[PDB]
>>> print(open('input-v4.tsv').read())   # TSV, N, CA, C and O atoms and all ligand atoms
chain	number	residue	atom	x	y	z
A	1	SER	N	0.80	-1.26	0.00
A	1	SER	CA	0.00	0.00	0.00
A	1	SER	C	0.84	1.31	0.00
A	1	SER	O	1.24	1.83	1.07
A	2	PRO	N	1.09	1.87	-1.20
A	2	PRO	CA	1.93	3.07	-1.29
A	2	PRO	C	1.27	4.34	-0.76
A	2	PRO	O	0.04	4.47	-0.81
A	3	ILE	N	2.08	5.25	-0.25
A	3	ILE	CA	1.62	6.62	0.00
A	3	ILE	C	1.82	7.39	-1.32
A	3	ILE	O	2.88	7.31	-1.94
A	4	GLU	N	0.80	8.14	-1.74
A	4	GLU	CA	0.81	8.78	-3.07
A	4	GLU	C	0.36	10.22	-2.95
A	4	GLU	O	-0.51	10.54	-2.15
A	5	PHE	N	0.96	11.11	-3.74
A	5	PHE	CA	0.65	12.55	-3.61
A	5	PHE	C	1.21	13.25	-4.83
A	5	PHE	O	2.20	12.79	-5.41
A	6	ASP	N	0.56	14.33	-5.24
A	6	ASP	CA	1.15	15.26	-6.18
A	6	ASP	C	2.12	16.19	-5.50
A	6	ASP	O	1.89	16.63	-4.39
A	7	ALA	N	3.19	16.53	-6.20
A	7	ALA	CA	4.20	17.41	-5.65
A	7	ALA	C	4.80	18.31	-6.73
A	7	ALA	O	4.95	17.87	-7.88
A	8	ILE	N	5.16	19.55	-6.38
A	8	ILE	CA	5.89	20.41	-7.33
A	8	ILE	C	7.37	20.05	-7.27
A	8	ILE	O	7.92	19.90	-6.19
A	9	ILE	N	7.99	19.89	-8.42
A	9	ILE	CA	9.42	19.68	-8.49
A	9	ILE	C	10.10	21.00	-8.12
A	9	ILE	O	9.84	22.04	-8.76
A	10	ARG	N	10.93	20.95	-7.07
A	10	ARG	CA	11.67	22.12	-6.55
A	10	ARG	C	13.13	22.00	-6.96
A	10	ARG	O	13.60	20.91	-7.31
A	11	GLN	N	13.85	23.11	-6.94
A	11	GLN	CA	15.27	23.15	-7.30
A	11	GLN	C	15.97	24.24	-6.51
A	11	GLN	O	15.40	25.32	-6.34
A	12	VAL	N	17.16	23.98	-6.00
A	12	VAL	CA	17.96	25.05	-5.42
A	12	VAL	C	18.42	25.90	-6.60
A	12	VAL	O	18.98	25.36	-7.59
A	13	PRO	N	18.16	27.21	-6.55
A	13	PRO	CA	18.46	28.04	-7.73
A	13	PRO	C	19.92	27.93	-8.15
A	13	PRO	O	20.81	27.91	-7.29
A	14	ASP	N	20.12	27.74	-9.45
A	14	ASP	CA	21.44	27.66	-10.11
A	14	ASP	C	22.16	26.30	-9.98
A	14	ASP	O	23.29	26.16	-10.40
A	15	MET	N	21.50	25.31	-9.39
A	15	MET	CA	22.06	23.98	-9.26
A	15	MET	C	21.34	23.09	-10.28
A	15	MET	O	20.28	23.48	-10.78
A	16	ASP	N	21.89	21.92	-10.57
A	16	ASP	CA	21.26	20.99	-11.56
A	16	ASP	C	20.28	20.01	-10.91
A	16	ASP	O	19.49	19.34	-11.59
A	17	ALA	N	20.36	19.85	-9.61
A	17	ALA	CA	19.55	18.82	-8.98
A	17	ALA	C	18.17	19.33	-8.52
A	17	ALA	O	17.98	20.51	-8.27
A	18	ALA	N	17.21	18.41	-8.43
A	18	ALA	CA	15.84	18.75	-8.13
A	18	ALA	C	15.39	17.83	-7.02
A	18	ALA	O	16.03	16.82	-6.76
A	19	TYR	N	14.26	18.17	-6.41
A	19	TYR	CA	13.72	17.35	-5.34
A	19	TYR	C	12.23	17.64	-5.19
A	19	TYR	O	11.71	18.63	-5.75
A	20	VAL	N	11.57	16.78	-4.42
A	20	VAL	CA	10.21	17.01	-3.96
A	20	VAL	C	10.18	17.08	-2.42
A	20	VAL	O	10.95	16.39	-1.74
A	21	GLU	N	9.36	17.98	-1.89
A	21	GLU	CA	9.07	18.02	-0.48
A	21	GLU	C	8.05	16.92	-0.14
A	21	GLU	O	7.12	16.67	-0.92
A	22	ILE	N	8.28	16.23	0.97
A	22	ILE	CA	7.35	15.18	1.42
A	22	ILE	C	6.27	15.88	2.25
A	22	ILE	O	6.58	16.48	3.28
A	23	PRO	N	5.01	15.82	1.80
A	23	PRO	CA	3.95	16.63	2.41
A	23	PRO	C	3.24	15.98	3.59
A	23	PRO	O	2.03	16.16	3.75
A	24	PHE	N	3.95	15.20	4.40
A	24	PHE	CA	3.37	14.66	5.64
A	24	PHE	C	4.47	14.50	6.66
A	24	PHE	O	5.65	14.64	6.33
A	25	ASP	N	4.10	14.17	7.89
A	25	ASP	CA	5.05	14.09	8.98
A	25	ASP	C	5.84	12.76	8.87
A	25	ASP	O	5.40	11.70	9.35
A	26	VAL	N	6.99	12.83	8.21
A	26	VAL	CA	7.83	11.64	7.97
A	26	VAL	C	8.27	10.95	9.28
A	26	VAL	O	8.30	9.73	9.36
A	27	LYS	N	8.61	11.75	10.30
A	27	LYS	CA	9.06	11.21	11.59
A	27	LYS	C	7.95	10.33	12.20
A	27	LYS	O	8.19	9.19	12.57
A	28	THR	N	6.72	10.84	12.27
A	28	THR	CA	5.60	10.03	12.78
A	28	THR	C	5.30	8.79	11.90
A	28	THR	O	5.16	7.69	12.38
A	29	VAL	N	5.22	8.99	10.58
A	29	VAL	CA	4.81	7.93	9.69
A	29	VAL	C	5.84	6.79	9.53
A	29	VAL	O	5.46	5.61	9.56
A	30	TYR	N	7.11	7.14	9.36
A	30	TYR	CA	8.16	6.14	9.13
A	30	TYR	C	9.12	5.92	10.31
A	30	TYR	O	9.86	4.94	10.34
A	31	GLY	N	9.11	6.83	11.28
A	31	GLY	CA	10.10	6.79	12.35
A	31	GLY	C	11.25	7.76	12.05
A	31	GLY	O	11.32	8.34	10.96
A	32	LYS	N	12.14	7.89	13.02
A	32	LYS	CA	13.24	8.87	12.97
A	32	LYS	C	14.27	8.58	11.89
A	32	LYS	O	14.39	7.45	11.43
A	33	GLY	N	15.05	9.59	11.51
A	33	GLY	CA	16.22	9.34	10.67
A	33	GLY	C	15.90	9.30	9.19
A	33	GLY	O	14.76	9.65	8.80
A	34	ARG	N	16.88	8.88	8.37
A	34	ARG	CA	16.71	8.72	6.92
A	34	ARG	C	15.83	7.55	6.65
A	34	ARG	O	15.90	6.54	7.37
A	35	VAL	N	15.09	7.62	5.55
A	35	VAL	CA	14.17	6.55	5.18
A	35	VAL	C	14.49	6.09	3.75
A	35	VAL	O	14.39	6.87	2.80
A	36	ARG	N	14.86	4.83	3.62
A	36	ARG	CA	15.06	4.24	2.31
A	36	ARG	C	13.69	3.85	1.73
A	36	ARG	O	12.87	3.21	2.43
A	37	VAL	N	13.43	4.28	0.49
A	37	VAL	CA	12.09	4.08	-0.13
A	37	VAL	C	12.19	3.51	-1.53
A	37	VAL	O	13.18	3.77	-2.25
A	38	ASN	N	11.19	2.73	-1.93
A	38	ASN	CA	10.95	2.45	-3.34
A	38	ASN	C	9.93	3.52	-3.72
A	38	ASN	O	8.81	3.53	-3.21
A	39	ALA	N	10.33	4.45	-4.59
A	39	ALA	CA	9.49	5.56	-5.00
A	39	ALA	C	9.14	5.43	-6.48
A	39	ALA	O	9.80	4.70	-7.21
A	40	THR	N	8.10	6.14	-6.93
A	40	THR	CA	7.88	6.34	-8.38
A	40	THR	C	7.61	7.81	-8.62
A	40	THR	O	7.05	8.47	-7.74
A	41	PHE	N	8.00	8.33	-9.78
A	41	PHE	CA	7.69	9.71	-10.15
A	41	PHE	C	6.99	9.57	-11.48
A	41	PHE	O	7.61	9.10	-12.44
A	42	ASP	N	5.71	9.93	-11.54
A	42	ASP	CA	4.86	9.59	-12.70
A	42	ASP	C	5.11	8.17	-13.14
A	42	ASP	O	5.31	7.91	-14.33
A	43	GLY	N	5.13	7.24	-12.19
A	43	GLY	CA	5.24	5.83	-12.54
A	43	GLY	C	6.65	5.31	-12.77
A	43	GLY	O	6.85	4.08	-12.89
A	44	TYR	N	7.63	6.23	-12.83
A	44	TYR	CA	9.02	5.83	-13.11
A	44	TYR	C	9.70	5.45	-11.80
A	44	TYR	O	9.79	6.31	-10.90
A	45	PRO	N	10.19	4.18	-11.67
A	45	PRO	CA	10.67	3.70	-10.38
A	45	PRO	C	12.01	4.31	-9.96
A	45	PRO	O	12.90	4.54	-10.78
A	46	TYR	N	12.15	4.55	-8.67
A	46	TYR	CA	13.42	5.03	-8.14
A	46	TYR	C	13.59	4.55	-6.70
A	46	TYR	O	12.67	4.70	-5.90
A	47	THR	N	14.78	4.04	-6.38
A	47	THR	CA	15.11	3.67	-5.00
A	47	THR	C	16.11	4.66	-4.40
A	47	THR	O	17.18	4.90	-4.97
A	48	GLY	N	15.77	5.24	-3.25
A	48	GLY	CA	16.60	6.27	-2.64
A	48	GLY	C	16.12	6.62	-1.25
A	48	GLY	O	15.46	5.84	-0.61
A	49	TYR	N	16.46	7.82	-0.79
A	49	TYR	CA	16.30	8.19	0.62
A	49	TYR	C	15.47	9.46	0.77
A	49	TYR	O	15.76	10.49	0.15
A	50	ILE	N	14.45	9.40	1.61
A	50	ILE	CA	13.91	10.62	2.18
A	50	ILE	C	14.88	11.12	3.25
A	50	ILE	O	15.23	10.40	4.19
A	51	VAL	N	15.33	12.36	3.10
A	51	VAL	CA	16.31	12.90	4.04
A	51	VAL	C	15.76	14.13	4.72
A	51	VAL	O	14.91	14.82	4.17
A	52	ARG	N	16.29	14.39	5.92
A	52	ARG	CA	15.84	15.48	6.76
A	52	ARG	C	16.65	16.69	6.41
A	52	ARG	O	17.87	16.64	6.26
A	53	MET	N	15.99	17.82	6.26
A	53	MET	CA	16.80	18.98	6.14
A	53	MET	C	16.65	19.63	7.54
A	53	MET	O	17.02	19.00	8.53
A	54	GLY	N	16.11	20.82	7.70
A	54	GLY	CA	15.88	21.28	9.06
A	54	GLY	C	14.52	20.78	9.43
A	54	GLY	O	13.57	21.07	8.73
A	55	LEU	N	14.42	20.00	10.50
A	55	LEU	CA	13.13	19.44	10.91
A	55	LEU	C	12.07	20.54	10.93
A	55	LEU	O	12.26	21.58	11.56
A	56	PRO	N	10.93	20.29	10.28
A	56	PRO	CA	10.59	19.03	9.65
A	56	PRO	C	10.10	19.06	8.19
A	56	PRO	O	9.38	18.10	7.84
A	57	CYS	N	10.55	19.93	7.28
A	57	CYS	CA	11.47	19.63	6.15
A	57	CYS	C	12.09	18.25	5.85
A	57	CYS	O	13.18	17.94	6.33
A	58	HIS	N	11.38	17.47	5.03
A	58	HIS	CA	11.92	16.23	4.42
A	58	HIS	C	11.81	16.30	2.90
A	58	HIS	O	10.79	16.73	2.37
A	59	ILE	N	12.85	15.84	2.21
A	59	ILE	CA	12.86	15.83	0.78
A	59	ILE	C	13.28	14.50	0.20
A	59	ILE	O	13.94	13.69	0.86
A	60	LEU	N	12.91	14.31	-1.06
A	60	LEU	CA	13.40	13.17	-1.84
A	60	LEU	C	13.97	13.75	-3.11
A	60	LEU	O	13.26	14.48	-3.79
A	61	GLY	N	15.21	13.42	-3.44
A	61	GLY	CA	15.87	13.94	-4.65
A	61	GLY	C	15.24	13.35	-5.91
A	61	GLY	O	14.80	12.19	-5.89
A	62	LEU	N	15.19	14.15	-6.98
A	62	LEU	CA	14.70	13.71	-8.28
A	62	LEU	C	15.85	13.83	-9.28
A	62	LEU	O	16.24	14.95	-9.67
A	63	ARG	N	16.42	12.69	-9.66
A	63	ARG	CA	17.64	12.70	-10.48
A	63	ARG	C	17.36	13.28	-11.85
A	63	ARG	O	16.25	13.17	-12.37
A	64	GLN	N	18.39	13.92	-12.42
A	64	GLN	CA	18.35	14.49	-13.77
A	64	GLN	C	17.90	13.48	-14.82
A	64	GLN	O	17.09	13.80	-15.69
A	65	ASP	N	18.38	12.24	-14.73
A	65	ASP	CA	18.02	11.24	-15.73
A	65	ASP	C	16.55	10.83	-15.65
A	65	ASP	O	15.91	10.57	-16.67
A	66	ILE	N	15.99	10.77	-14.45
A	66	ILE	CA	14.57	10.48	-14.33
A	66	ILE	C	13.73	11.63	-14.85
A	66	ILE	O	12.69	11.42	-15.51
A	67	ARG	N	14.15	12.86	-14.54
A	67	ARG	CA	13.46	14.03	-15.05
A	67	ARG	C	13.36	14.04	-16.57
A	67	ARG	O	12.31	14.40	-17.13
A	68	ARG	N	14.44	13.62	-17.25
A	68	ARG	CA	14.43	13.45	-18.71
A	68	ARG	C	13.52	12.30	-19.17
A	68	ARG	O	12.82	12.42	-20.17
A	69	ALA	N	13.49	11.20	-18.41
A	69	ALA	CA	12.64	10.08	-18.74
A	69	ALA	C	11.15	10.44	-18.72
A	69	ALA	O	10.39	9.95	-19.54
A	70	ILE	N	10.74	11.30	-17.79
A	70	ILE	CA	9.32	11.63	-17.69
A	70	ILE	C	9.00	13.02	-18.26
A	70	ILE	O	7.85	13.43	-18.29
A	71	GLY	N	10.04	13.74	-18.69
A	71	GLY	CA	9.90	15.05	-19.33
A	71	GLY	C	9.32	16.07	-18.40
A	71	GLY	O	8.40	16.81	-18.77
A	72	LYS	N	9.85	16.12	-17.17
A	72	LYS	CA	9.37	17.07	-16.15
A	72	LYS	C	10.55	17.83	-15.54
A	72	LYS	O	11.60	17.23	-15.24
A	73	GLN	N	10.36	19.14	-15.34
A	73	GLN	CA	11.40	20.02	-14.81
A	73	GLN	C	10.92	20.81	-13.56
A	73	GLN	O	9.73	20.78	-13.24
A	74	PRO	N	11.86	21.48	-12.83
A	74	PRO	CA	11.44	22.35	-11.75
A	74	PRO	C	10.26	23.25	-12.10
A	74	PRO	O	10.23	23.88	-13.16
A	75	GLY	N	9.28	23.28	-11.21
A	75	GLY	CA	8.07	24.04	-11.46
A	75	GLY	C	6.94	23.13	-11.93
A	75	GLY	O	5.78	23.41	-11.66
A	76	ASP	N	7.28	22.04	-12.61
A	76	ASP	CA	6.25	21.06	-13.00
A	76	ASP	C	5.76	20.24	-11.80
A	76	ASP	O	6.51	20.01	-10.86
A	77	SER	N	4.49	19.83	-11.85
A	77	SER	CA	3.92	18.91	-10.90
A	77	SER	C	4.28	17.46	-11.30
A	77	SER	O	4.30	17.14	-12.49
A	78	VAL	N	4.53	16.60	-10.32
A	78	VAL	CA	4.80	15.16	-10.53
A	78	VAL	C	4.01	14.31	-9.50
A	78	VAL	O	3.88	14.69	-8.35
A	79	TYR	N	3.43	13.19	-9.92
A	79	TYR	CA	2.74	12.29	-9.01
A	79	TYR	C	3.76	11.32	-8.41
A	79	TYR	O	4.42	10.60	-9.13
A	80	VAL	N	3.88	11.30	-7.08
A	80	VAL	CA	4.91	10.52	-6.41
A	80	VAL	C	4.23	9.40	-5.60
A	80	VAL	O	3.20	9.64	-4.96
A	81	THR	N	4.80	8.19	-5.62
A	81	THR	CA	4.36	7.15	-4.65
A	81	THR	C	5.57	6.70	-3.84
A	81	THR	O	6.71	6.78	-4.31
A	82	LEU	N	5.32	6.22	-2.62
A	82	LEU	CA	6.38	5.83	-1.70
A	82	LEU	C	6.02	4.54	-0.96
A	82	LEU	O	4.89	4.37	-0.44
A	83	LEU	N	7.02	3.67	-0.88
A	83	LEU	CA	6.97	2.45	-0.09
A	83	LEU	C	8.30	2.28	0.67
A	83	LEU	O	9.36	2.33	0.05
A	84	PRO	N	8.24	2.08	2.00
A	84	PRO	CA	9.48	2.01	2.79
A	84	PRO	C	10.23	0.70	2.53
A	84	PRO	O	9.60	-0.31	2.21
A	85	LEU	N	11.56	0.74	2.64
A	85	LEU	CA	12.42	-0.44	2.44
A	85	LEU	C	13.27	-0.82	3.67
A	85	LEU	O	13.20	-0.16	4.71
B	1	CL	CL	1.08	14.62	8.52
B	2	CL	CL	18.59	12.40	6.96
>>> encode(input="input-v4.tsv", output="structure tokens")
Amino acid sequence: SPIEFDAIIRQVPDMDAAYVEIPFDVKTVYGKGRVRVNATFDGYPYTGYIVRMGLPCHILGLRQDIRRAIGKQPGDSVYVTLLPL
């Protein structure tokens, strides 16, 4: 049973990398610390980490190659699903 949500692709200005903000309380839902996830971005599979920035700020990185695969850039909306590993 995946957690699923729409998210805006965010980017630190002038950098190449992108990410999505996790729109729920990651600490309560998954427990403390980094969370390894099987994720999808518009259906495209990715395995990686939800990481804490300043609590409670959590993000998941969106790699450049996946962004090309689904044709989505910063500012675009993406449908994300998450399953813990
Ligand atoms: Cl929440
Ligand atoms: Cl972390």
>>> residues_around(input="input-v4.tsv", residues="residue A:19", least_positions_apart="3", cutoff="4.5 Å", atoms="all atoms listed in the file", output="VMD selection string")
chain A and resid 8 to 10 60 to 62
>>> select_by_dssp(input="input-v4.tsv", residues="chain A", states="strand (DSSP E or B)", output="number ranges by chain")
A: 3-8, 10-11, 18-21, 35-41, 44-52, 58-62, 77-84
>>> closest_atom_pairs(input="input-v4.tsv", of="chain A", to="ligand CL 1 (chain B)", cutoff="6 Å", atoms="only N, CA, C and O atoms and all ligand atoms", output="tab-separated table")
residue	atom	partner	partner_atom	distance
A:23	O	B:CL1	CL	5.1
A:24	CA	B:CL1	CL	3.7
A:25	N	B:CL1	CL	3.1
>>> residues_near_ligand(input="input-v4.tsv", ligand="ligand CL 2 (chain B)", cutoff="7 Å", atoms="only C-alpha atoms and all ligand atoms", output="PyMOL selection string")
chain A and resi 33-34+50-53
>>> atom_distance(input="input-v4.tsv", atom1="atom CA of residue A:76", atom2="atom C of residue A:7")
7.0 Å
>>> atom_distance(input="input-v4.tsv", atom1="atom O of residue A:78", atom2="atom CA of residue A:14")
21.9 Å
>>> residues_near_point(input="input-v4.tsv", point="(10.2, 16.0, 3.5)", cutoff="4.5 Å", atoms="only N, CA, C and O atoms", output="PyMOL selection string")
chain A and resi 21-22+57-59
>>> closest_residue(input="input-v4.tsv", among="A:3, A:15, A:64, A:77", to="residue A:37", atoms="only C-alpha atoms")
A:3
